[PDB]
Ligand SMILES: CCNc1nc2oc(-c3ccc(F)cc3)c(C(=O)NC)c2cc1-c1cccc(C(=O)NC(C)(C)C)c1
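Next up: just one chain, as structure tokens, the form deposited without this ligand.
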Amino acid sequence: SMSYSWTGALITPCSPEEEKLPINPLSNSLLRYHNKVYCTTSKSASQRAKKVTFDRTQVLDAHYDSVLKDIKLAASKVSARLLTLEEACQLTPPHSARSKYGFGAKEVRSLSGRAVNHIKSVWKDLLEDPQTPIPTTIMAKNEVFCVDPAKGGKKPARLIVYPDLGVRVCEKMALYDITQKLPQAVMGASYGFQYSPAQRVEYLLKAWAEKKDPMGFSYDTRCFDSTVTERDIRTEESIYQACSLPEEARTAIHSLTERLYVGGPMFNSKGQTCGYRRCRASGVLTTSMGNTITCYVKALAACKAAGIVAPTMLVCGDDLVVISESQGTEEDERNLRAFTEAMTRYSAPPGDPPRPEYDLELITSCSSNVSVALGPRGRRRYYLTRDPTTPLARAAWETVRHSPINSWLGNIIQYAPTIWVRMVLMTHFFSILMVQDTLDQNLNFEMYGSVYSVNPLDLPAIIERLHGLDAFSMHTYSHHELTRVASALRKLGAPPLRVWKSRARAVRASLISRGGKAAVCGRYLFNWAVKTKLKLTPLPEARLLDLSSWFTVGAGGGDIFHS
């Protein structure tokens, strides 16, 4: 079957879109080469539509069946419940796309009569009708990147397919509790979303250490969502139904599967019939959970089919890392080819063929890699980092165009120990917050497919909780990091690190002069910037932080909110 069929109708935008980074003295102080920064628009939607449209064949085998049997057995130990309407409403992000039925996220979150009565009607209809396909909207995402002329032109916009807001709330009532219990039961420690950045590093270090002679690879499936077949999606349902659930939950889950998850008609923003989907919807609740389970099953089966020796996996949606015992250079290459052939049979063909690596730091997963620096007392300290180009480009965009989602804050939190966060992002944004005089304002950001709300003044505590006090004392960064970061800054026309250091001294001093939590930020976040460093003591606030909802599977399109 084809992943999509199309009518010829265009994928259209809601509002006018901005393609180019606007000139502005605040964003210019971060980076000058504004012509290199672009935002994807609906102008490139047809190009993407072509890429994600292809035939899927799927041939399963004994290895696949064996893994699937184990998974269903594991799921049978899980008990899940429905969420109340009110619980599901509270999980809706404040800027989630409004319903076509006369209400938005604000109404849902405040439980307005129209929103509530509508959602009740949608729920009842889910229970009564397991058959009629539920309409979805297809939209081009607006995401910011830096040009890469060594890799062709600009990336085409990603596409997102999602149902109406009323349906999205119903998905949470039916399936949210499952998203919070099932992945850990069936994938155990291989499930990546349960780990903070520091824990992810610890997991990978352990996995690597376990092997007498470790070899690792990442596997890139070509357009994973499009490779997911109707059978795959019905199999996911079978796994959900293996849980102990109330009958009403079983009914809603089945209707959602047949009417929404397995496929259905897509409409553009103008309401014209755009096409029909026969693969994974990118913007439904189960997108992340479904991708993770389906990727785990196919990958583990492919390991068995290939004869990979003692595999330890880390799976986050379509993102897959496999660490195992090396069988020798040529044997490893051969076995990776056999793994790829198996994944291909299972309908998960590769983008770039996997490459064996024999050093953990050389494996890229979820766009990140492990690096090492020194903490206080000169101990080696491993931490997660990434190339800063995209985070810098988005930070410049977000400096001049305010967005409901602050990617820069998510980056500061996730990549706090990195030299680029500490010297550049932290310095720039605390500067900008004082310029705006909005330091003490909660901001939203996306992390692991979920939306969170954080006050920047709480960052020392948050950073301490997630990364430890060492995140404020790290030094002697790797040659690779210094080189990669300096090169990104030059490429974007940003000031060099030495300039950021002088800037941070003044930001630090300004924050300290404001006293209170602002002074705590100055002292902790910018201790690296002064010659006479302060002694940083554990923050009592770090322990009081309720991070119980951090680091879990999220939702397609990040359409879930925790506060």
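Note that residue numbering follows the sequence shown and begins at 1.
This protein has a second form, the form deposited with this ligand bound, left out of what is shown; the following refers to that one.
Heavy atom contact within 4.5 Å of this ligand in the deposited complex, the stretch among 536 to 544, 550 to 558, 21 to 29, 7 to 15: In short, 550 to 558.
In the deposited complex, the one of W123, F193, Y296, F472 near this ligand [non-hydrogen atom within 4.5 angstroms]: Looking at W123, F193, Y296, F472 one by one, just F193 meets the 4.5 Å heavy-atom criterion.
Using a 4.5 Å heavy atom cut-off, which residue among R200, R278, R422, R345 comes into contact with this ligand in the deposited complex? Answer to the contact question: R200.
With a 4.5 Å heavy atom cut-off, would you call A97 a contact of this ligand in the deposited complex? Output for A97 is no: heavy atoms all beyond 4.5 Å of this ligand.
Non-hydrogen atom contact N335 with this ligand in the deposited complex at 4.5 angstroms: So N335 does not count as contacting this ligand.
Residue-level contact is defined here as any heavy atom of the residue lying within 4.5 Å of this ligand in the deposited complex; does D319 satisfy this criterion? Residue-level check for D319: yes, a contact with this ligand.
Could you confirm whether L85 comes within 4.5 Å of this ligand in the deposited complex, counting heavy atoms only? Judged by the heavy-atom cut-off of 4.5 Å, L85 is well away from this ligand in the deposited complex.
Can you tell me which bits of 454 to 474 touch this ligand in the deposited complex, meaning any heavy atom within 4.5 Å? The one in contact is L466.
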